[PDB]
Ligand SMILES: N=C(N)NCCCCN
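One chain comes next, on its own, written out as structure tokens in the form solved without ligand AG2.
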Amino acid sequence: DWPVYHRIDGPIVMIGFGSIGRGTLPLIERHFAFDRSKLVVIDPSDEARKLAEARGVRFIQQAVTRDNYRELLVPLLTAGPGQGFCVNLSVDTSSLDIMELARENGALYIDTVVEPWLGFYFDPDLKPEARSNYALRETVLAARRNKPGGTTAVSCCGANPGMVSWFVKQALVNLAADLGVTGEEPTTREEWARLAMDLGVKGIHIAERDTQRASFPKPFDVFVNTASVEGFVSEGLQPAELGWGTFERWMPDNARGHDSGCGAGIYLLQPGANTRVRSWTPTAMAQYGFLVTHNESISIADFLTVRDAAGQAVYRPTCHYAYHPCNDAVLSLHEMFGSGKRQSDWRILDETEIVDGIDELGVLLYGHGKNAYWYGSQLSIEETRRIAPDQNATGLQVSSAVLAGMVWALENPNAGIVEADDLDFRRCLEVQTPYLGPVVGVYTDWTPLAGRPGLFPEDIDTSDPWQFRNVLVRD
């Protein structure tokens, strides 16, 4: 049987019922005990309403907005009898404002992104620095400094950000064993950072290759993806963004830093989904990824920062996304950027439309004595259908991470505002691994200088293959 981890006696408030909400609700019903009538789904769309009604779940057809979120959500979060859980899987809503509302009213909180209120992403009066995920994350860090401790709110606990933070810790443990580095397993952030430094990890790619393909050819003027099209396009049009490692000797002319905050990131004055980087995964081998901004690019680099007494950073890894989405999404990007505007329509691939493929999602640690190491999941669509309904492999890696975060929050309900890097990674992977298919570690001798230089002059750094100067693709 499937484990029922805990009883939830309070209200379960799910904000948003898109691809991730539809895959997460069945997991919540499977793994927690509660009266089904205590669950409530809020979503503005008719499509979501019909799906919730088909499940006999209470539904409120409203867009949560800055104007209504307090009057709308407080009664739902405080309905009792016990502590409620707010499961935020929406677009167009402020993660920070909803999280602070939940904590104000004693309700647990989890989300998979630091989302702003509608309008932020395309606000023409915002400076590029202000549109960065670094800046949005800094609003969460400030909230934590302002109100330490208290009710647990889990920020950015999906597949990536989320799970990959746990993969980094496991990968560091495996690397220490394989490199003969002795010592006890870290138990504090400082100890984790020092292990990464001692192992010589120069940087980390969130190295992903989605090979799911549809039973129909990509339609003209339709954006196709395996998860949120609105969310992927939004993050893809934000600046390319990365955690910036101490080993880097070069940044492009259009790179910029931040005057304040944790200090772990840079951004480029170009859209991340039109920025290519050289990377590698077990199934793809050498591939292009897109340098799409992601919270974990900053959070992981920040988490693994070592500082001296004066507080200056002496070690920090480079960390960023290196995303090869499904073929139809690759075509959708070429179409969107080539036309200069979003397609007229979009669709997310349903499991019934996917004929084969996997979502290979892992972390690539590089620069150490064994060059590069990839650790992560190779979950296939066939396995997904076997073990979880209403979602594809992309969705299941996300929904199962939300499940793990919820289990952790119930067992640690007064931990304050926390990121995935703050959770107990072993417990979270213990809950999530049944839904991840093959989880494997693979070494490779590939480097970004493989085969280079070619028949054209290239601006490369031959002294250190893994420099960003060698990873970034110029156009």
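Residue numbers here begin at 1 and follow the sequence given.
Note that the form deposited with ligand AG2 bound isn't included here; everything after this is about it.
A.B. asks: Counting 3 or more ligand atoms within 2.4 Å of any backbone or C-beta atom as blocked, would ligand AG2, superposed onto this chain from where it sits in the deposited complex, find the site open or blocked?
C.D. replies: Site status: open.
A.B. asks: For the interface check, one of 136-144, 371-379, 329-337, 75-83 should have non-hydrogen atoms within 4.5 Å of ligand AG2 in the deposited complex; which one?
C.D. replies: It is 136-144 that comes within 4.5 Å of the partner.
A.B. asks: Quick one: of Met406, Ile417, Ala52, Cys428, which gets a non-hydrogen atom within 4.5 angstroms of ligand AG2 in the deposited complex?
C.D. replies: Of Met406, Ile417, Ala52, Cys428, the residue with a heavy atom within 4.5 Å of ligand AG2 in the deposited complex is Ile417.
A.B. asks: Just to be sure I understand the contacts: of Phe303, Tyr366, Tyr267, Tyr109, which is the one whose heavy atoms reach within 4.5 angstroms of ligand AG2 in the deposited complex?
C.D. replies: It is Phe303.
A.B. asks: Can you work out whether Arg189 and ligand AG2 are in contact in the deposited complex, taking contact to mean some heavy atom pair no more than 4.5 Å apart?
C.D. replies: Result yes; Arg189 sits at the interface with ligand AG2 in the deposited complex.
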